[PDB]
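In what follows, a structure is listed as structure tokens, so that the remarks can point back to it.
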Amino acid sequence: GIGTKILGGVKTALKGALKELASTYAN
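Shown next, in the form of structure tokens:
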């Protein structure tokens with residue numbers, strides 16, 4: 958229920974936003 962935070966939320970954030978930001982910082 959609040960497992961959503963460490964599943965659907967944080968793992969989506971690393972999968973999308975950190976993966977895109979770090980990838981086009983490193984280039």
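Its first residue numbered 958, the sequence shown is counted upward by one per residue in our numbering. Virtual Cβ for every residue (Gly too), placed ideally from N, Cα, C.
Straight-line Cα distance separating residue j from residue i
| i | j | result |
| --- | --- | --- |
| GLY966 | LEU975 | 13 Å |
| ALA970 | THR961 | 12 Å |
| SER980 | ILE963 | 22 Å |
| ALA983 | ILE959 | 33 Å |
Check: residue i C-beta below 8 Å from any heavy atom of the ligand FAD
| i | result |
| --- | --- |
| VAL967 | Absence of the ligand FAD is noted for the structure shown, with no ligands found whatsoever. |
Residue i (DSSP reduced to helix, strand or coil)
| i | result |
| --- | --- |
| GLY973 | helix |
| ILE959 | coil |
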